[PDB]
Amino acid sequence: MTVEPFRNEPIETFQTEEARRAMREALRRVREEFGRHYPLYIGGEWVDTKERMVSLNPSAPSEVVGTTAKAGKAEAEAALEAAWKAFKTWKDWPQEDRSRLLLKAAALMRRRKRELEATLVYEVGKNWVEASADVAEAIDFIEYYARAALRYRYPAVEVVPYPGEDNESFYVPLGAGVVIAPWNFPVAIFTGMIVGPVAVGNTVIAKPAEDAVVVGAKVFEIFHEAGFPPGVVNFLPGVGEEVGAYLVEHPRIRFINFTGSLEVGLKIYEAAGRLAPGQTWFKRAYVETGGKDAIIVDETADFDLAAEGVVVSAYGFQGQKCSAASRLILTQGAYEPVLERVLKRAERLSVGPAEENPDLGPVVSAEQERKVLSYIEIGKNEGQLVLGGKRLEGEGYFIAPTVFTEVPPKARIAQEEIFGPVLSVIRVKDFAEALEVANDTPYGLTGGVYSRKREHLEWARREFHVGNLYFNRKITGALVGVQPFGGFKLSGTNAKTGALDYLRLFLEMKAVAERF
């Protein structure tokens, strides 16, 4: 197989009339279909259930955006049978054939990008560019993994020869596994976590987040049209602690690919370490969990550039990103100039229905709203509220961009993942102390430094202990291929997405010697 060198899918900015027209058209088509019901997808067919899952518009939660079937234990068993049956033959496809299937799915996704973006807007409250970035990232994962999988093809392993023998080492896929996905990147991460394992010959049972079941179904429409053989990919919307846990704990689940909260990741990793009755392998579990990400700014920085990057990083998709800047660490010389600029910019941010392309849409659910508001209450006891900190008018879950200052580094709002538009500002003496404060959390996902001082940047390169570090730019929006994505410490297992290393996680090696 020979295709063009990988390039990232351009993120639409909607600066042209044609792009805005195309978006409005997509928004209309999507809302005209709010009545739709999407079944499970098991063994190559759409299979309905008695019970259902309801998905709401977080900008107008009295409005249903769609319903799906609801997978329980019986449907999990059906999916397991289908996935193990498919594995027996899918594992034997030439890599070139599997890679071409991914490339087809990517081409189909690219053709439906406005529809998918519009679905993100209405289902999870992304503004237009956040939605476009999400879909473009999904396309990127498919294009990238299609190509990366060829680097592992039979027989890929470099071994030392021995006289009178052929020695041949090669990779084989593991089996059928479960993918458990979050609501915050429910096209990008959902797609990546499925197609990586699948590309190299695994089969997958995919469990979308409850808040993003409709857009997950639309991704499965693409997989179905692409023509993945029956059982290779399966769609099981349902309750995480029910069907999700059932699959995690199952003796016949070979691996678990999880992205989500630390709370859940901890349970999954623990369960994965147990031998279920009758289980005949050591389960692999990849858990990519939260962050408490900081941007450090020192007195040598471009303060206007820093302020812009901080606001983008803190408030993009309402701060509901594992990569979001939730801490702003300012050295004494940087404190007033940067804080004043951050406040001036943040106070100009618009909040409203996502479809109007505001700076911020709503948080995703009543539960998220409750969590973020509860953290705002905690923060009022720990630091000084200086901006926002309120729900805004309307049924939608609109929360104002929030800033706390004078926040102690060990404060709950400085340690715990709030996952909302809440920035904690911490004053430190110098760069050394900035790094100490940056590192002193249980997490290690993203981080940033604004500074012109070379020695500070290079010191951070060595010592700011996060998996994805950025200098003089935003700390969100890691691009597939460019910035292998994944953290340290309780940010998870360091499964680096959009990197060659990712696919190795879903392979095991056999060594076969013939003495002639």
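Heads up: residue numbers just count along the shown sequence, starting at 1. Rigid core (definition): largest C-alpha set, two forms, superposition within 1.5 Å.
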property	result
Which of 313-321 and 238-246 strays further in 6 other deposited structures of this protein - Cα RMS after rigid core alignment	238-246
Mean C-alpha temperature factor, higher of 210-218 and 380-388	380-388
Per the entry, higher mean C-alpha B factor between 337-345 and 181-189	337-345
Criterion, highest CA B-factor; candidates, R461, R473, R52, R454	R52
Options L490, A478, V65, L469 - largest CA temperature factor per the record	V65
Position of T446 among the chain's modelled residues by C-alpha B-factor, lowest, middle or highest third	lowest
Third of the chain, ranked by Cα B-factor, where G44 sits	highest
Chain-relative CA temperature factor third for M509	lowest
Relative C-alpha B-factor of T203, binned into the chain's lowest, middle or highest third	lowest
Chain thirds of CA B-factor: placement of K88	highest
